[PDB]
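Novice: My structure file coords-v5.pdb, PDB, C-alpha atoms, is below:
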```pdb
ATOM      1  CA  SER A1856     -16.219  16.473  23.300  1.00  0.00           C
ATOM      2  CA  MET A1857     -19.874  17.560  22.630  1.00  0.00           C
ATOM      3  CA  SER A1858     -20.235  21.386  23.017  1.00  0.00           C
ATOM      4  CA  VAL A1859     -16.539  21.498  24.256  1.00  0.00           C
ATOM      5  CA  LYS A1860     -14.031  22.830  21.744  1.00  0.00           C
ATOM      6  CA  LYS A1861     -10.477  24.113  21.689  1.00  0.00           C
ATOM      7  CA  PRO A1862     -10.155  27.661  20.300  1.00  0.00           C
ATOM      8  CA  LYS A1863     -10.643  27.628  16.417  1.00  0.00           C
ATOM      9  CA  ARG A1864      -7.216  27.724  14.569  1.00  0.00           C
ATOM     10  CA  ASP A1865      -7.546  29.806  11.364  1.00  0.00           C
ATOM     11  CA  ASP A1866      -7.228  27.260   8.521  1.00  0.00           C
ATOM     12  CA  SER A1867      -8.438  29.524   5.684  1.00  0.00           C
ATOM     13  CA  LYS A1868      -4.923  30.005   4.195  1.00  0.00           C
ATOM     14  CA  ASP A1869      -3.790  26.344   4.440  1.00  0.00           C
ATOM     15  CA  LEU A1870      -4.685  25.548   0.771  1.00  0.00           C
ATOM     16  CA  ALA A1871      -2.699  28.412  -0.591  1.00  0.00           C
ATOM     17  CA  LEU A1872       0.255  27.812   1.694  1.00  0.00           C
ATOM     18  CA  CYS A1873       0.448  24.008   0.853  1.00  0.00           C
ATOM     19  CA  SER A1874       0.398  25.096  -2.858  1.00  0.00           C
ATOM     20  CA  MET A1875       3.385  27.368  -2.269  1.00  0.00           C
ATOM     21  CA  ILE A1876       5.372  24.699  -0.472  1.00  0.00           C
ATOM     22  CA  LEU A1877       4.607  22.243  -3.301  1.00  0.00           C
ATOM     23  CA  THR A1878       5.795  24.879  -5.878  1.00  0.00           C
ATOM     24  CA  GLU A1879       9.070  25.188  -4.039  1.00  0.00           C
ATOM     25  CA  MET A1880       9.463  21.369  -3.995  1.00  0.00           C
ATOM     26  CA  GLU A1881       8.658  21.221  -7.755  1.00  0.00           C
ATOM     27  CA  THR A1882      11.370  23.762  -8.581  1.00  0.00           C
ATOM     28  CA  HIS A1883      14.160  22.297  -6.429  1.00  0.00           C
ATOM     29  CA  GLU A1884      17.007  20.962  -8.600  1.00  0.00           C
ATOM     30  CA  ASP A1885      16.798  17.536  -6.880  1.00  0.00           C
ATOM     31  CA  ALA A1886      13.037  17.137  -7.616  1.00  0.00           C
ATOM     32  CA  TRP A1887      13.564  15.237 -10.956  1.00  0.00           C
ATOM     33  CA  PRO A1888      13.040  11.693  -9.553  1.00  0.00           C
ATOM     34  CA  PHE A1889       9.672  12.809  -8.030  1.00  0.00           C
ATOM     35  CA  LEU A1890       8.010  15.077 -10.675  1.00  0.00           C
ATOM     36  CA  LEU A1891       6.022  12.315 -12.460  1.00  0.00           C
ATOM     37  CA  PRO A1892       4.629   8.881 -11.593  1.00  0.00           C
ATOM     38  CA  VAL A1893       7.186   6.009 -11.843  1.00  0.00           C
ATOM     39  CA  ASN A1894       6.480   4.205 -15.136  1.00  0.00           C
ATOM     40  CA  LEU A1895       5.132   0.840 -13.959  1.00  0.00           C
ATOM     41  CA  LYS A1896       5.574  -0.771 -17.389  1.00  0.00           C
ATOM     42  CA  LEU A1897       9.261   0.212 -17.544  1.00  0.00           C
ATOM     43  CA  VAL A1898      10.552  -0.237 -13.990  1.00  0.00           C
ATOM     44  CA  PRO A1899      10.764  -3.883 -12.900  1.00  0.00           C
ATOM     45  CA  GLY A1900       9.639  -4.618  -9.330  1.00  0.00           C
ATOM     46  CA  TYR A1901       7.952  -1.212  -8.703  1.00  0.00           C
ATOM     47  CA  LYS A1902       4.373  -2.232  -9.208  1.00  0.00           C
ATOM     48  CA  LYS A1903       4.568  -5.252  -6.823  1.00  0.00           C
ATOM     49  CA  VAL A1904       6.821  -3.736  -4.196  1.00  0.00           C
ATOM     50  CA  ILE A1905       5.418  -0.157  -3.762  1.00  0.00           C
ATOM     51  CA  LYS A1906       1.854  -0.568  -2.685  1.00  0.00           C
ATOM     52  CA  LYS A1907       0.969   3.145  -2.864  1.00  0.00           C
ATOM     53  CA  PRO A1908       2.882   5.099  -5.533  1.00  0.00           C
ATOM     54  CA  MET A1909       2.947   8.886  -5.109  1.00  0.00           C
ATOM     55  CA  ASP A1910       4.657  11.758  -6.955  1.00  0.00           C
ATOM     56  CA  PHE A1911       4.539  15.614  -7.049  1.00  0.00           C
ATOM     57  CA  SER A1912       2.261  15.826 -10.133  1.00  0.00           C
ATOM     58  CA  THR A1913      -0.307  13.504  -8.502  1.00  0.00           C
ATOM     59  CA  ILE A1914      -0.203  15.590  -5.232  1.00  0.00           C
ATOM     60  CA  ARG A1915      -0.656  18.755  -7.363  1.00  0.00           C
ATOM     61  CA  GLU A1916      -3.787  17.317  -9.044  1.00  0.00           C
ATOM     62  CA  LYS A1917      -5.229  16.109  -5.692  1.00  0.00           C
ATOM     63  CA  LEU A1918      -4.587  19.550  -4.134  1.00  0.00           C
ATOM     64  CA  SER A1919      -6.118  21.469  -7.026  1.00  0.00           C
ATOM     65  CA  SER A1920      -9.290  19.325  -6.984  1.00  0.00           C
ATOM     66  CA  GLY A1921     -10.135  19.362  -3.246  1.00  0.00           C
ATOM     67  CA  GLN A1922      -9.066  15.827  -2.521  1.00  0.00           C
ATOM     68  CA  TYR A1923      -7.066  16.794   0.645  1.00  0.00           C
ATOM     69  CA  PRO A1924      -9.455  17.214   3.577  1.00  0.00           C
ATOM     70  CA  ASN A1925      -6.833  18.918   5.749  1.00  0.00           C
ATOM     71  CA  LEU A1926      -3.094  19.892   5.836  1.00  0.00           C
ATOM     72  CA  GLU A1927      -2.153  16.570   7.561  1.00  0.00           C
ATOM     73  CA  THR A1928      -3.406  14.412   4.710  1.00  0.00           C
ATOM     74  CA  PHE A1929      -1.265  16.638   2.366  1.00  0.00           C
ATOM     75  CA  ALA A1930       1.930  16.043   4.487  1.00  0.00           C
ATOM     76  CA  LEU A1931       1.189  12.288   4.566  1.00  0.00           C
ATOM     77  CA  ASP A1932       1.332  12.108   0.656  1.00  0.00           C
ATOM     78  CA  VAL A1933       4.516  14.225   0.486  1.00  0.00           C
ATOM     79  CA  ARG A1934       6.181  11.904   3.108  1.00  0.00           C
ATOM     80  CA  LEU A1935       4.898   8.861   1.130  1.00  0.00           C
ATOM     81  CA  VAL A1936       6.900  10.093  -1.920  1.00  0.00           C
ATOM     82  CA  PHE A1937      10.094   9.920   0.267  1.00  0.00           C
ATOM     83  CA  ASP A1938       9.252   6.687   2.072  1.00  0.00           C
ATOM     84  CA  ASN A1939       8.663   5.038  -1.292  1.00  0.00           C
ATOM     85  CA  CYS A1940      12.000   6.357  -2.518  1.00  0.00           C
ATOM     86  CA  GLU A1941      13.818   4.942   0.517  1.00  0.00           C
ATOM     87  CA  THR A1942      12.109   1.561   0.062  1.00  0.00           C
ATOM     88  CA  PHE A1943      13.274   1.169  -3.569  1.00  0.00           C
ATOM     89  CA  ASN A1944      16.627   2.988  -3.838  1.00  0.00           C
ATOM     90  CA  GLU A1945      19.982   2.531  -2.095  1.00  0.00           C
ATOM     91  CA  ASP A1946      21.067   5.487   0.135  1.00  0.00           C
ATOM     92  CA  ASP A1947      24.335   5.628  -1.851  1.00  0.00           C
ATOM     93  CA  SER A1948      22.726   6.491  -5.240  1.00  0.00           C
ATOM     94  CA  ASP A1949      21.785   9.744  -6.888  1.00  0.00           C
ATOM     95  CA  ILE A1950      18.040   9.071  -6.407  1.00  0.00           C
ATOM     96  CA  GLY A1951      18.584   7.843  -2.806  1.00  0.00           C
ATOM     97  CA  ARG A1952      20.457  11.092  -1.953  1.00  0.00           C
ATOM     98  CA  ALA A1953      17.804  13.177  -3.771  1.00  0.00           C
ATOM     99  CA  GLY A1954      15.098  11.689  -1.501  1.00  0.00           C
ATOM    100  CA  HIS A1955      16.931  12.484   1.676  1.00  0.00           C
ATOM    101  CA  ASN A1956      17.656  16.033   0.516  1.00  0.00           C
ATOM    102  CA  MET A1957      14.043  16.669  -0.552  1.00  0.00           C
ATOM    103  CA  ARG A1958      12.617  15.268   2.699  1.00  0.00           C
ATOM    104  CA  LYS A1959      14.814  17.633   4.753  1.00  0.00           C
ATOM    105  CA  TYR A1960      13.839  20.554   2.563  1.00  0.00           C
ATOM    106  CA  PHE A1961      10.122  19.736   2.947  1.00  0.00           C
ATOM    107  CA  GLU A1962      10.256  19.241   6.724  1.00  0.00           C
ATOM    108  CA  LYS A1963      11.874  22.603   7.361  1.00  0.00           C
ATOM    109  CA  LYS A1964       9.350  24.444   5.165  1.00  0.00           C
ATOM    110  CA  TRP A1965       6.573  22.581   6.969  1.00  0.00           C
ATOM    111  CA  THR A1966       7.771  23.577  10.496  1.00  0.00           C
ATOM    112  CA  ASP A1967       8.485  27.162   9.450  1.00  0.00           C
ATOM    113  CA  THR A1968       5.129  27.663   7.751  1.00  0.00           C
ATOM    114  CA  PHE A1969       2.827  25.918  10.296  1.00  0.00           C
ATOM    115  CA  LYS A1970       4.611  25.121  13.725  1.00  0.00           C
TER
END
```
So, in terms of C-alpha cells, how does the structure I just supplied come out?

Specialist:
Amino acid sequence: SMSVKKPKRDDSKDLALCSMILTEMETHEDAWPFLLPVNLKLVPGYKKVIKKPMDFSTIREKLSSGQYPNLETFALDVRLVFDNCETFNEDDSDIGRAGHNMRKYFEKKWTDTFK
C-alpha cells in the first residue's frame, strides 16, 4: 500500500530475455502457422470469429517499440496466438497440433527463464 512495498525484483533484463524467447519461438519448425498475421481477405470466417488476431511478427513489432508495459502483457499476447489457434482449428489437424506443440514449448521457456 502507500509507503509499503515488497522487495524490488530486478526487471532490467526482462526486455532482452522476452526477445530471446520470441527468437526461439520464431525459429521452431512448427512456427509457420504463427509467423505472420492471418490474411483476413483470404480466410473465410476469421475476421468475424477471432476478435483479437495476434501473430509472432506483430508481437515482435510491439516488443521492439515499447508497447509491452511489463513481461505479463507479453505472455498474454503469446498465449492469445495459441488460444486463437485452438478456437479456429481442429485438434486433429497440422495447424491444431502445431499450436499445442508451440504452447508447450513457450510455457517451459517461460517457467525456466522467470519462475

Novice: Run the PyMOL selection byres ((chain A and resi 1915) around 10) mentally over the shown coordinates, then write out the matched residues as an mmCIF file with C-alpha atoms, keeping the file's coordinate frame, using the chain letters and numbers from the document.

Specialist:
```cif
data_model
loop_
_atom_site.group_PDB
_atom_site.id
_atom_site.type_symbol
_atom_site.label_atom_id
_atom_site.label_comp_id
_atom_site.auth_asym_id
_atom_site.auth_seq_id
_atom_site.Cartn_x
_atom_site.Cartn_y
_atom_site.Cartn_z
ATOM 1 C CA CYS A 1873 0.448 24.008 0.853
ATOM 2 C CA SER A 1874 0.398 25.096 -2.858
ATOM 3 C CA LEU A 1877 4.607 22.243 -3.301
ATOM 4 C CA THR A 1878 5.795 24.879 -5.878
ATOM 5 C CA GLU A 1881 8.658 21.221 -7.755
ATOM 6 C CA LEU A 1890 8.010 15.077 -10.675
ATOM 7 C CA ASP A 1910 4.657 11.758 -6.955
ATOM 8 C CA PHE A 1911 4.539 15.614 -7.049
ATOM 9 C CA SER A 1912 2.261 15.826 -10.133
ATOM 10 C CA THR A 1913 -0.307 13.504 -8.502
ATOM 11 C CA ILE A 1914 -0.203 15.590 -5.232
ATOM 12 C CA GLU A 1916 -3.787 17.317 -9.044
ATOM 13 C CA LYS A 1917 -5.229 16.109 -5.692
ATOM 14 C CA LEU A 1918 -4.587 19.550 -4.134
ATOM 15 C CA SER A 1919 -6.118 21.469 -7.026
ATOM 16 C CA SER A 1920 -9.290 19.325 -6.984
ATOM 17 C CA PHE A 1929 -1.265 16.638 2.366
#
```

Novice: Counting all atoms listed in the file, figure out which residue out of A:1909, A:1875, A:1950, A:1886 gets nearest to residue 1931 (chain A).

Specialist: A:1909

Novice: Taking into account only C-alpha atoms, which residue in the set A:1955, A:1870, A:1968, A:1939 is nearest to residue 1892 (chain A)?

Specialist: A:1939

Novice: Between CA of residue 1868 (chain A) and CA of residue 1932 (chain A), measure the distance and give it in Å to one decimal.

Specialist: 19.3 Å

Novice: Return the single residue from A:1942, A:1894, A:1867, A:1882 that is closest to residue 1925 (chain A), with distances computed using only C-alpha atoms.

Specialist: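 Of all the options, A:1867 lies closest to residue 1925 (chain A).
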
Novice: Would you mind reading off the distance between CA of residue 1869 (chain A) and CA of residue 1963 (chain A), one decimal, in Å?

Specialist: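 The value is 16.4 Å.
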
Novice: Using Å and a single decimal, report how far CA of residue 1935 (chain A) sits from CA of residue 1864 (chain A).

Specialist: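 One can read the CA of residue 1864 (chain A) to CA of residue 1935 (chain A) distance as 26.1 Å.
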
Novice: Written as a ChimeraX atom specification, what is the full residue list that the PyMOL selection byres ((chain A and resi 1961) around 9) yields on the file shown?

Specialist: /A:1876-1877,1879-1880,1933-1934,1956-1960,1962-1966

Novice: When the PyMOL selection byres ((chain A and resi 1944) around 12) is applied to the structure above, which residues does it catch, written out as a list in words?

Specialist: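 Applying the expression gives residues 1888, 1900, 1901, 1904, 1905, 1937, 1938, 1939, 1940, 1941, 1942, 1943, 1945, 1946, 1947, 1948, 1949, 1950, 1951, 1952, 1953, 1954 and 1955 of chain A.
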
Novice: From the set A:1936, A:1859, A:1922, A:1865, which residue has the shortest atom-to-atom contact distance to residue 1893 (chain A), counting all atoms listed in the file?

Specialist: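 Of A:1936, A:1859, A:1922, A:1865, the one nearest residue 1893 (chain A), counting all atoms listed in the file, is A:1936.
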
Novice: Quick one: of A:1856, A:1897, A:1906, A:1872, who's nearest to residue 1926 (chain A), counting only C-alpha atoms?

Specialist: A:1872

Novice: Rebuild N, CA, C and O atoms on region 1872-1890 of chain A, as a PDB file, keeping the file's coordinate frame?

Specialist:
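As a result, rebuild.pdb now contains:
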```pdb
ATOM      1  N   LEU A1872      -1.095  28.037   1.168  1.00  0.00           N
ATOM      2  CA  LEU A1872       0.255  27.812   1.694  1.00  0.00           C
ATOM      3  C   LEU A1872       0.870  26.370   1.329  1.00  0.00           C
ATOM      4  O   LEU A1872       2.085  26.243   1.132  1.00  0.00           O
ATOM      5  N   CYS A1873       0.011  25.355   1.322  1.00  0.00           N
ATOM      6  CA  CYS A1873       0.448  24.008   0.853  1.00  0.00           C
ATOM      7  C   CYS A1873       0.839  24.062  -0.664  1.00  0.00           C
ATOM      8  O   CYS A1873       1.861  23.476  -1.076  1.00  0.00           O
ATOM      9  N   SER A1874       0.070  24.834  -1.432  1.00  0.00           N
ATOM     10  CA  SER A1874       0.398  25.096  -2.858  1.00  0.00           C
ATOM     11  C   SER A1874       1.769  25.740  -3.045  1.00  0.00           C
ATOM     12  O   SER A1874       2.565  25.338  -3.899  1.00  0.00           O
ATOM     13  N   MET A1875       2.080  26.744  -2.248  1.00  0.00           N
ATOM     14  CA  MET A1875       3.385  27.368  -2.269  1.00  0.00           C
ATOM     15  C   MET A1875       4.523  26.448  -1.892  1.00  0.00           C
ATOM     16  O   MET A1875       5.559  26.479  -2.515  1.00  0.00           O
ATOM     17  N   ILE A1876       4.378  25.706  -0.813  1.00  0.00           N
ATOM     18  CA  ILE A1876       5.372  24.699  -0.472  1.00  0.00           C
ATOM     19  C   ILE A1876       5.608  23.715  -1.639  1.00  0.00           C
ATOM     20  O   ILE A1876       6.737  23.377  -1.911  1.00  0.00           O
ATOM     21  N   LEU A1877       4.519  23.226  -2.231  1.00  0.00           N
ATOM     22  CA  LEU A1877       4.607  22.243  -3.301  1.00  0.00           C
ATOM     23  C   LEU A1877       5.317  22.859  -4.511  1.00  0.00           C
ATOM     24  O   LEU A1877       6.198  22.201  -5.088  1.00  0.00           O
ATOM     25  N   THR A1878       5.027  24.166  -4.817  1.00  0.00           N
ATOM     26  CA  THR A1878       5.795  24.879  -5.878  1.00  0.00           C
ATOM     27  C   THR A1878       7.300  24.894  -5.635  1.00  0.00           C
ATOM     28  O   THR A1878       8.137  24.651  -6.561  1.00  0.00           O
ATOM     29  N   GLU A1879       7.700  25.112  -4.400  1.00  0.00           N
ATOM     30  CA  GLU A1879       9.070  25.188  -4.039  1.00  0.00           C
ATOM     31  C   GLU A1879       9.729  23.801  -4.146  1.00  0.00           C
ATOM     32  O   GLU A1879      10.860  23.690  -4.511  1.00  0.00           O
ATOM     33  N   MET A1880       8.975  22.754  -3.810  1.00  0.00           N
ATOM     34  CA  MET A1880       9.463  21.369  -3.995  1.00  0.00           C
ATOM     35  C   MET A1880       9.630  21.029  -5.490  1.00  0.00           C
ATOM     36  O   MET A1880      10.711  20.545  -5.880  1.00  0.00           O
ATOM     37  N   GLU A1881       8.640  21.385  -6.298  1.00  0.00           N
ATOM     38  CA  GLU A1881       8.658  21.221  -7.755  1.00  0.00           C
ATOM     39  C   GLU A1881       9.852  21.872  -8.455  1.00  0.00           C
ATOM     40  O   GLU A1881      10.351  21.346  -9.441  1.00  0.00           O
ATOM     41  N   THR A1882      10.330  22.989  -7.947  1.00  0.00           N
ATOM     42  CA  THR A1882      11.370  23.762  -8.581  1.00  0.00           C
ATOM     43  C   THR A1882      12.741  23.506  -7.998  1.00  0.00           C
ATOM     44  O   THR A1882      13.749  24.000  -8.540  1.00  0.00           O
ATOM     45  N   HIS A1883      12.871  22.686  -6.965  1.00  0.00           N
ATOM     46  CA  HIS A1883      14.160  22.297  -6.429  1.00  0.00           C
ATOM     47  C   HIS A1883      14.921  21.464  -7.531  1.00  0.00           C
ATOM     48  O   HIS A1883      14.335  20.626  -8.261  1.00  0.00           O
ATOM     49  N   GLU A1884      16.227  21.656  -7.601  1.00  0.00           N
ATOM     50  CA  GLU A1884      17.007  20.962  -8.600  1.00  0.00           C
ATOM     51  C   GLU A1884      17.039  19.440  -8.384  1.00  0.00           C
ATOM     52  O   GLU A1884      17.252  18.720  -9.355  1.00  0.00           O
ATOM     53  N   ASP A1885      16.778  18.942  -7.181  1.00  0.00           N
ATOM     54  CA  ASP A1885      16.798  17.536  -6.880  1.00  0.00           C
ATOM     55  C   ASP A1885      15.355  16.898  -6.951  1.00  0.00           C
ATOM     56  O   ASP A1885      15.201  15.791  -6.520  1.00  0.00           O
ATOM     57  N   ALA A1886      14.406  17.613  -7.509  1.00  0.00           N
ATOM     58  CA  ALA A1886      13.037  17.137  -7.616  1.00  0.00           C
ATOM     59  C   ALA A1886      12.818  16.072  -8.733  1.00  0.00           C
ATOM     60  O   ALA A1886      11.770  15.393  -8.746  1.00  0.00           O
ATOM     61  N   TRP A1887      13.736  16.044  -9.715  1.00  0.00           N
ATOM     62  CA  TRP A1887      13.564  15.237 -10.956  1.00  0.00           C
ATOM     63  C   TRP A1887      13.140  13.768 -10.763  1.00  0.00           C
ATOM     64  O   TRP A1887      12.318  13.341 -11.579  1.00  0.00           O
ATOM     65  N   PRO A1888      13.581  13.044  -9.687  1.00  0.00           N
ATOM     66  CA  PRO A1888      13.040  11.693  -9.553  1.00  0.00           C
ATOM     67  C   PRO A1888      11.539  11.582  -9.166  1.00  0.00           C
ATOM     68  O   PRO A1888      11.004  10.466  -9.227  1.00  0.00           O
ATOM     69  N   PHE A1889      10.955  12.720  -8.716  1.00  0.00           N
ATOM     70  CA  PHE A1889       9.672  12.809  -8.030  1.00  0.00           C
ATOM     71  C   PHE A1889       8.607  13.582  -8.825  1.00  0.00           C
ATOM     72  O   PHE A1889       7.479  13.677  -8.382  1.00  0.00           O
ATOM     73  N   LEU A1890       8.933  14.168  -9.967  1.00  0.00           N
ATOM     74  CA  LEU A1890       8.010  15.077 -10.675  1.00  0.00           C
ATOM     75  C   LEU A1890       6.797  14.355 -11.285  1.00  0.00           C
ATOM     76  O   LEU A1890       5.714  14.949 -11.351  1.00  0.00           O
TER      77      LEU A1890
END
```
